[PDB]
Structures are given as C-alpha cells and as structure tokens.
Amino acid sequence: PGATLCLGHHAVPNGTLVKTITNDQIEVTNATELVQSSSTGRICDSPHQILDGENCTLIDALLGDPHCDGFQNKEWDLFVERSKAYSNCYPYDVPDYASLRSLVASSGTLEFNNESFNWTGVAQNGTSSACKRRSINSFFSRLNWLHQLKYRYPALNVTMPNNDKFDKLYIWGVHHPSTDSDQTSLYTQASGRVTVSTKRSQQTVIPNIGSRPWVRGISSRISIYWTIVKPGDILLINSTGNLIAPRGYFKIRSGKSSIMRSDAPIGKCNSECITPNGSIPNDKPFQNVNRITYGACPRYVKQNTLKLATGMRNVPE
C-alpha cells in the first residue's frame, strides 16, 4: 500500500498586500509598517530639556520684555514658541530677526553677565509707559536707554574688552524718534549716530526721525542689532545720540539646542522624537507626521505607509 509524503508551507486567511520590484500588490502572510503616521498630540518633557515659551518669543525673553522676566538665564534643549505669544514692551524691529533667533536658539542659553560701562555724560535708565513693570514705567531688562543730562549729550566713547575664554554676544539698539522735537529733547542733537565696532568689524546706524504706524502707545521704533566679541577683542561703542545700550553680554555656545513653533501641550512622558504635532515614537525608520523634527527621529517621507513583508507569499486553501 506504500505511503505518500507531502512537503508544504503555511498560509493565513487574512493576508497583507505589499509592493515588490515586479508587483505593487502581492499578498504575504504578514507585514509591518515602516512609516510612523500618528503622534501622541503632546510634547514629552523628557528626555530633552523643554522650555515652553508660553506668552513669550525667544527674542522678547532675550531683550527682557517685562512679562518675560521669568526666562532670565534659562537654558534649553528645545524652545517651544506658542502662537499666542505677544510683545508688551517698547515697539521694535530687528534687521535679520531670523538670524538672531537662530543663533540664540542654537546656543541654547539666556545666560547674561552684567558689565559696568562708563556712561558718564548722559542720563541712564530711560523708561516708557509702553513697557511697564508692576504698573511702573520701565524698559527692556537687558537694555539701557541713555538720554540727555542737563540738556547735553556728549560724544560717548566706551570700551569693553573680552578677556575671557568664551565669545560674548552683545545686543544693542537705536531709537528712531517720531518727531524732531522728540529727537532734540531726548538726545539734543538734530540727528544721532551709533557705531559699535571691534578689531574685525563695524556697524554704524543713523536714526530715522518720523512716525510709524501706532503700536501700543508709541509711533517711534527701536531697531535691534547684535555684535559678537571674540577673546582678545574689544567692544567699542560710540554715540552722538539715540543709542540703546547693552547692560552686558550673553554667553553664546554651540550645542544640540534649537527652537520649534508648536501649540501642542507639554506632557509628562519620555520620547526621543519631537515634532510640532507632538512627540512620535522612533521605532520605525520613516515618518510622514512632519518635516520639522527634533531629536532621534524617523526620516520624513511623502508616503502614508510602506509595508515590509515579514512572511512568505500567502496562498490560502
């Protein structure tokens, strides 16, 4: 009577479709997904140091907008800028705003050392009702509004040598008065000038008198500029008027720090990968949640889904 011996393989009733070189739909017994396409909806506060900007932009924390006084000297791995943030100090603009935001974001610290500049000849500590600290007229914490003293504004000439091992980041400004009377009242001269320089570079700004669309009580503006002083170099500030002076320097590092725009809430969880949509798991090699990521993340791709066959071809009975 003999015997028969049959060689075979398994199969399933619920196979999965995958793509190959020769076929864009072939059924295998099992597959796994390679594109992360969902987020938790919240930014995990671990393992990275998250700084929730809340009502404050990074720039406004840097300058020292009064409602941003809490951010002084903080560090961060990732600074999260909310869309609800607002400015509530003296109206300003920043030539190359983007570059200043990126270099500070990249540096990852708001550490600020104060320095004693010799402003003999001018009054200091000018204030305004557009910038209040507990109802009292005030100004940017890190900036010093210099104005006339007994109706005189001499030619200022002040030096600050960097004798440290690190770079110094100096933030300074220029007042653009709305009216000629405002110019002469504040700075006496008919038009000011500001020159901040080092051994290697120079920046000279001529103020522009004239009103600007009214913003929060003011029709003048302050333009913001920055200067990096290397070790062995010297900061040289000159002014015949309109100088918004720095009160010191910021440390400027290089690290793994950055800044992200997102309104995703912060949660108590652990996740290496951060998107503006919230944290995502990094178990898969690809993701199409967001082209903006931070940390150990799957790489962004256009595809919804990419199924990797984990089993043989499926041939049901």
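Numbers follow the displayed sequence, beginning with 1.
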query: Comparing 8-16 with 301-309, the one whose average Cα B-factor in the PDB entry is higher; finding: 8-16
query: Entry-level comparison of average CA B-factors, 249-257 and 287-295, reporting the higher stretch; finding: 249-257
query: Top residue by Cα temperature factor, when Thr227, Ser102, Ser211, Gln72 are compared in the entry; finding: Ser211
query: Of the residues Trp172, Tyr153, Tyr97, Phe79, the one carrying the largest Cα B-factor as recorded; finding: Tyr153
query: Entry-reported Cα temperature factor of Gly108, expressed as the chain third it lands in; finding: lowest
